[PDB]
2 protein chains.
Amino acid sequence: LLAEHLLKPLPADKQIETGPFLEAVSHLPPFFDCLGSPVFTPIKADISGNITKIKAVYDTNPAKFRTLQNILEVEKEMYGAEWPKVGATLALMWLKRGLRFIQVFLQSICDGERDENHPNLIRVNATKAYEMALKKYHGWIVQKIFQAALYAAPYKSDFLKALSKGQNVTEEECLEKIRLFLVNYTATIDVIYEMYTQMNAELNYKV
Amino acid sequence: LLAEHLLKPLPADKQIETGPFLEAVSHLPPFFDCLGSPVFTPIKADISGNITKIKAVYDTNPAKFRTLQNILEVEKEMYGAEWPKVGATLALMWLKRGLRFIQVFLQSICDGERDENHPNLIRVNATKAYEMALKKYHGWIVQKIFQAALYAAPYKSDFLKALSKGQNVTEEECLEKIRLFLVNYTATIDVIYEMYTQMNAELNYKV
Ligand SMILES: CCCCCCCCCCCCC/C=C/[C@@H](O)[C@H](CO[C@@H]1O[C@H](COS(=O)(=O)O)[C@H](O)[C@H](OS(=O)(=O)O)[C@H]1O)NC(=O)CCCCCCCCCCC
Ligand SMILES: CCCCCCCCCCCCC/C=C/[C@@H](O)[C@H](CO[C@@H]1O[C@H](COS(=O)(=O)O)[C@H](O)[C@H](OS(=O)(=O)O)[C@H]1O)NC(=O)CCCCCCCCCCC
């Protein structure tokens, strides 16, 4: 899945380019097929959702929107007091919290975080990724959903196995494959988070 | 909403005109917006997408697919073992369940079914809806999720109002306006169901 479509390394000036960024992340939603139960299908559709809205905006004037920063700043002027709860800016605001979940989730598995009593489960890693990436932005109902949903969770091994289908590589080799992917993935997500902060564009509302 | 677009009548042969089906039902996702909670947004995604896929498979030869019945009888021949669990057929297989939920749900409200313990919840109605149209194609986890999502359900009052979009209607006038929609709506659906029975194209798998 992930380490064929590696993420371009972070540029000097820290300016992510929309087009290629979208090409790269448009590869992550099938992530969720590895999770292996159609419960998760709607999450996946939600993120694809975001990626498309961004790609739409971008496609409308690829020069005006060469970078992600260009998207945020151009929309800020363009829409109202409405901003940033509008347009691609909103799409990204959320997309990034999905990317982060993935990001923290993989890292956790990659770091031998486990439940000493039940090593082959993913609760504690999903939960930690959920704690840090989405929980702040979800009401009680939704976490009650997240909570059920954590029973569609596959076994850890079965994820990995599945997360590297065919390919042909130890569980171990598999984890390094991630550890490399994670380097740029993480650098990138952190810039996007920076960007949002510096442009007062994060919103704290819940769902 | 629901009654600026009403489903055509029913032909002498019960055959269903596809473009005027796709056109007509695609004013129904907007609906879920009326429940007033971003919880239900993914729900609508999955109907939106049912329609999309049904539509493209149509566009590709609107002569061969002039009817819904045509969709099934053609796809049936176009794959082996594959059909029914393929293409617009499967798309419509699921669409009819959402579309049924939407009917039965309203039908209930429109008939004043409620809980005397609180006639401004719609939770007994969502439930009849769900049990009758979708519960047996969902596995235990989805069902949990439904039960949780049922807590983001609005009140009957506001739900009715959100529907009205302040066309300045009275509240039992709004009920009335639905019952009208419900007529041909409840037919079309019933037919699609017969279709699917009589074609041997139902499947029973849970999710
Ligand atoms: C961040 C929160 C934490 C994570 C949350 C985890 C996710 C929770 C989501 C739970 C499930 C939501 C409901 C969606 C259910 C769908 O899976 C089902 C069946 O989906 C079908 O799957 C099929 C896949 O085929 S299969 O793998 O071989 O099965 C098809 O893809 C089909 O699309 S198609 O165009 O390709 O043909 C597709 O609809 N959809 C439904 O159940 C219909 C939903 C109608 C909802 C009605 C509203 C009820 C809600 C109550 C409102 C008060
Ligand atoms: C009949 C079946 C039972 C009924 C089913 C009930 C519904 C189940 C699904 C529950 C919800 C699933 C999770 C998604 C929740 C989303 O509402 C949130 C917010 O999403 C944003 O909502 C917004 C709505 O706007 S707002 O009202 O102004 O807020 C925007 O639409 C924005 O999209 S945008 O591109 O157009 O801009 C959109 O992402 N989505 C998330 O939190 C992202 C989820 C990330 C993936 C989670 C991965 C963890 C899953 C567990 C894995 C073990």
# chains A, B, ... in the order shown; residues from 1 in each chain; ligands from 1
call {"tool": "residues_around", "arguments": {"residues": "residue 89 (chain A)", "least_positions_apart": "5", "cutoff": "10 Å", "atoms": "only C-alpha atoms", "output": "ChimeraX atom specification"}}
result
/A:50,53-54,57,68-69,71-76,83-84,94-95,196,201-202
call {"tool": "residues_near_ligand", "arguments": {"ligand": "ligand 1", "cutoff": "6 Å", "atoms": "only C-alpha atoms and all ligand atoms", "output": "MDAnalysis selection string"}}
result
(chainID A and resid 38:40 42:43 142 145:146 149) or (chainID B and resid 43 46 49:50 53 90:91 94 98 101 126 142 145 150 153)
call {"tool": "write_last_selection", "arguments": {"atoms": "N, CA and C atoms", "output": "mmCIF file, in the first residue's frame"}}
result
data_model
loop_
_atom_site.group_PDB
_atom_site.id
_atom_site.type_symbol
_atom_site.label_atom_id
_atom_site.label_comp_id
_atom_site.auth_asym_id
_atom_site.auth_seq_id
_atom_site.Cartn_x
_atom_site.Cartn_y
_atom_site.Cartn_z
ATOM 1 N N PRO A 38 -16.243 -3.781 6.879
ATOM 2 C CA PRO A 38 -16.930 -2.740 6.203
ATOM 3 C C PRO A 38 -17.438 -1.717 7.168
ATOM 4 N N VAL A 39 -17.323 -1.958 8.437
ATOM 5 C CA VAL A 39 -17.585 -0.843 9.331
ATOM 6 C C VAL A 39 -16.787 0.408 8.950
ATOM 7 N N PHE A 40 -15.532 0.236 8.535
ATOM 8 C CA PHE A 40 -14.636 1.356 8.442
ATOM 9 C C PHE A 40 -14.786 2.061 7.153
ATOM 10 N N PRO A 42 -17.235 3.677 5.669
ATOM 11 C CA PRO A 42 -17.627 5.104 5.735
ATOM 12 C C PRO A 42 -16.518 6.120 6.195
ATOM 13 N N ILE A 43 -15.671 5.785 7.182
ATOM 14 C CA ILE A 43 -14.512 6.660 7.520
ATOM 15 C C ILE A 43 -13.724 7.022 6.249
ATOM 16 N N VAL A 142 -20.362 10.670 19.045
ATOM 17 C CA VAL A 142 -19.403 10.189 18.104
ATOM 18 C C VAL A 142 -18.396 9.350 18.798
ATOM 19 N N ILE A 145 -19.703 6.095 19.110
ATOM 20 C CA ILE A 145 -19.506 5.404 17.831
ATOM 21 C C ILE A 145 -18.097 4.854 17.734
ATOM 22 N N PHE A 146 -17.087 5.692 17.833
ATOM 23 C CA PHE A 146 -15.681 5.233 17.779
ATOM 24 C C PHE A 146 -15.508 4.028 18.636
ATOM 25 N N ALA A 149 -16.830 1.017 17.252
ATOM 26 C CA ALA A 149 -16.197 0.711 16.030
ATOM 27 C C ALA A 149 -14.956 -0.023 16.336
ATOM 28 N N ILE B 43 -23.971 8.930 6.690
ATOM 29 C CA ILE B 43 -25.139 8.173 6.218
ATOM 30 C C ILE B 43 -25.510 8.565 4.789
ATOM 31 N N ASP B 46 -23.336 7.575 1.803
ATOM 32 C CA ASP B 46 -23.533 6.226 1.243
ATOM 33 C C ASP B 46 -24.798 6.121 0.312
ATOM 34 N N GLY B 49 -23.651 8.221 -2.973
ATOM 35 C CA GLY B 49 -22.857 7.273 -3.737
ATOM 36 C C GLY B 49 -23.570 6.096 -4.405
ATOM 37 N N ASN B 50 -24.608 5.580 -3.760
ATOM 38 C CA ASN B 50 -25.461 4.598 -4.415
ATOM 39 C C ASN B 50 -26.016 5.185 -5.703
ATOM 40 N N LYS B 53 -23.304 5.802 -8.624
ATOM 41 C CA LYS B 53 -22.853 4.613 -9.333
ATOM 42 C C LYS B 53 -23.956 4.138 -10.187
ATOM 43 N N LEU B 90 -26.220 -4.142 -7.504
ATOM 44 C CA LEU B 90 -25.896 -4.021 -6.104
ATOM 45 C C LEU B 90 -26.075 -2.578 -5.614
ATOM 46 N N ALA B 91 -25.823 -1.611 -6.455
ATOM 47 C CA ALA B 91 -26.012 -0.241 -6.023
ATOM 48 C C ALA B 91 -27.450 -0.006 -5.634
ATOM 49 N N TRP B 94 -28.872 -1.771 -2.434
ATOM 50 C CA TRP B 94 -28.750 -1.084 -1.182
ATOM 51 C C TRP B 94 -29.557 0.184 -1.193
ATOM 52 N N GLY B 98 -32.177 2.022 1.877
ATOM 53 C CA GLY B 98 -32.187 3.339 2.417
ATOM 54 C C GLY B 98 -33.518 3.944 2.077
ATOM 55 N N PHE B 101 -36.192 2.722 4.370
ATOM 56 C CA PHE B 101 -36.045 3.373 5.651
ATOM 57 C C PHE B 101 -36.676 4.723 5.607
ATOM 58 N N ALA B 126 -37.565 6.158 14.019
ATOM 59 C CA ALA B 126 -36.307 5.773 13.455
ATOM 60 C C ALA B 126 -36.161 4.275 13.623
ATOM 61 N N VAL B 142 -22.441 -2.667 13.356
ATOM 62 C CA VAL B 142 -23.237 -1.618 12.784
ATOM 63 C C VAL B 142 -24.456 -1.309 13.636
ATOM 64 N N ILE B 145 -23.815 0.860 16.353
ATOM 65 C CA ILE B 145 -23.509 2.184 15.881
ATOM 66 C C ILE B 145 -24.779 2.906 15.591
ATOM 67 N N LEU B 150 -28.582 7.033 16.983
ATOM 68 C CA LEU B 150 -29.987 7.347 17.223
ATOM 69 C C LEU B 150 -30.084 8.365 18.323
ATOM 70 N N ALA B 153 -30.398 11.975 16.889
ATOM 71 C CA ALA B 153 -31.719 12.253 16.311
ATOM 72 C C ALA B 153 -32.380 13.471 16.912
#
call {"tool": "atom_distance", "arguments": {"atom1": "CA of residue 86 (chain A)", "atom2": "CA of residue 160 (chain B)"}}
result
26.8 Å
call {"tool": "atom_distance", "arguments": {"atom1": "CA of residue 144 (chain B)", "atom2": "atom 3 (C, counted along the ligand's line) of ligand 2"}}
result
7.8 Å
call {"tool": "closest_residue", "arguments": {"among": "A:45, A:88, A:187, A:121", "to": "residue 33 (chain A)", "atoms": "only C-alpha atoms"}}
result
A:45
call {"tool": "closest_residue", "arguments": {"among": "A:193, A:31, A:151, A:205", "to": "chain B", "atoms": "only C-alpha atoms"}}
result
A:151
call {"tool": "residues_around", "arguments": {"residues": "residue 162 (chain B)", "least_positions_apart": "5", "cutoff": "9 Å", "atoms": "only C-alpha atoms", "output": "list in words"}}
result
residues 1, 31, 33, 34, 35, 36 and 157 of chain B
call {"tool": "write_last_selection", "arguments": {"atoms": "N, CA and C atoms", "output": "PDB file, in the first residue's frame"}}
result
ATOM      1  N   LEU B   1     -38.377  21.119   1.528  1.00  0.00           N
ATOM      2  CA  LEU B   1     -37.772  20.063   0.632  1.00  0.00           C
ATOM      3  C   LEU B   1     -38.856  19.188  -0.104  1.00  0.00           C
ATOM      4  N   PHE B  31     -32.311  15.802   2.610  1.00  0.00           N
ATOM      5  CA  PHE B  31     -33.019  15.267   3.810  1.00  0.00           C
ATOM      6  C   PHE B  31     -32.153  15.202   5.081  1.00  0.00           C
ATOM      7  N   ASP B  33     -29.650  16.250   6.167  1.00  0.00           N
ATOM      8  CA  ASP B  33     -29.252  17.558   6.688  1.00  0.00           C
ATOM      9  C   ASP B  33     -30.218  18.063   7.744  1.00  0.00           C
ATOM     10  N   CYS B  34     -31.477  17.668   7.604  1.00  0.00           N
ATOM     11  CA  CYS B  34     -32.567  18.108   8.446  1.00  0.00           C
ATOM     12  C   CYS B  34     -32.520  17.481   9.833  1.00  0.00           C
ATOM     13  N   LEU B  35     -31.912  16.306   9.937  1.00  0.00           N
ATOM     14  CA  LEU B  35     -31.672  15.712  11.257  1.00  0.00           C
ATOM     15  C   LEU B  35     -30.711  16.578  12.121  1.00  0.00           C
ATOM     16  N   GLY B  36     -30.013  17.500  11.483  1.00  0.00           N
ATOM     17  CA  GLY B  36     -29.271  18.521  12.191  1.00  0.00           C
ATOM     18  C   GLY B  36     -28.115  17.978  13.012  1.00  0.00           C
ATOM     19  N   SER B 157     -40.664  18.146  16.152  1.00  0.00           N
ATOM     20  CA  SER B 157     -40.816  19.565  15.902  1.00  0.00           C
ATOM     21  C   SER B 157     -39.767  20.070  14.933  1.00  0.00           C
TER      22      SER B 157
END
call {"tool": "closest_residue", "arguments": {"among": "A:185, A:140, A:130, A:105", "to": "chain B", "atoms": "only C-alpha atoms"}}
result
A:140
call {"tool": "select_by_dssp", "arguments": {"residues": "region 3-203 of chain B", "states": "strand (DSSP E or B)", "output": "ChimeraX atom specification"}}
result
/B:17,67,115,118,121,155
call {"tool": "residues_around", "arguments": {"residues": "residue 118 (chain B)", "least_positions_apart": "4", "cutoff": "10 Å", "atoms": "only C-alpha atoms", "output": "PyMOL selection string"}}
result
chain B and resi 114+122-124+155-156
call {"tool": "write_last_selection", "arguments": {"atoms": "C-alpha atoms", "output": "PDB file, in the first residue's frame"}}
result
ATOM      1  CA  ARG B 114     -44.853   8.265  18.916  1.00  0.00           C
ATOM      2  CA  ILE B 122     -38.556  10.385  16.698  1.00  0.00           C
ATOM      3  CA  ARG B 123     -36.707   7.507  18.180  1.00  0.00           C
ATOM      4  CA  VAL B 124     -39.438   4.979  18.072  1.00  0.00           C
ATOM      5  CA  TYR B 155     -36.949  16.357  17.883  1.00  0.00           C
ATOM      6  CA  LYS B 156     -40.066  15.861  15.759  1.00  0.00           C
TER       7      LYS B 156
END
call {"tool": "residues_around", "arguments": {"residues": "residue 172 (chain A)", "least_positions_apart": "2", "cutoff": "12 Å", "atoms": "only C-alpha atoms", "output": "NGL selection string"}}
result
:A and (109-112 or 157 or 160-161 or 164 or 168-170 or 174-179)
call {"tool": "write_last_selection", "arguments": {"atoms": "C-alpha atoms", "output": "compact mmCIF listing (two decimals), in the first residue's frame"}}
result
# COMPACT_ATOMS: atom_id res chain seq x y z
CA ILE A 109 2.50 -0.10 16.30
CA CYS A 110 5.94 0.69 14.92
CA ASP A 111 7.12 1.38 18.46
CA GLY A 112 6.06 -1.90 20.05
CA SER A 157 -0.79 -9.26 12.84
CA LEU A 160 0.23 -5.83 9.06
CA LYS A 161 -0.11 -8.97 6.95
CA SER A 164 1.48 -5.46 2.95
CA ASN A 168 6.41 -10.49 0.22
CA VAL A 169 8.27 -9.52 3.43
CA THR A 170 8.53 -10.47 7.17
CA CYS A 174 7.07 -4.77 7.09
CA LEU A 175 7.40 -2.53 10.11
CA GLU A 176 10.62 -0.88 8.79
CA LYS A 177 8.73 -0.27 5.57
CA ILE A 178 6.47 1.80 7.70
CA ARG A 179 9.13 3.42 9.76
call {"tool": "select_by_dssp", "arguments": {"residues": "region 98-186 of chain B", "states": "helix (DSSP H, G or I)", "output": "VMD selection string"}}
result
chain B and resid 98 to 110 123 to 133 135 to 137 140 to 149 156 to 164 171 to 186
call {"tool": "closest_residue", "arguments": {"among": "A:21, A:159, A:65, A:181", "to": "ligand 2", "atoms": "only C-alpha atoms and all ligand atoms"}}
result
A:159
call {"tool": "closest_residue", "arguments": {"among": "A:10, A:93, A:182, A:47", "to": "chain B", "atoms": "only C-alpha atoms"}}
result
A:47
call {"tool": "closest_residue", "arguments": {"among": "B:128, B:135, B:97, B:44", "to": "chain A", "atoms": "only C-alpha atoms"}}
result
B:44
call {"tool": "atom_distance", "arguments": {"atom1": "atom 28 (O, counted along the ligand's line) of ligand 2", "atom2": "CA of residue 37 (chain B)"}}
result
9.6 Å
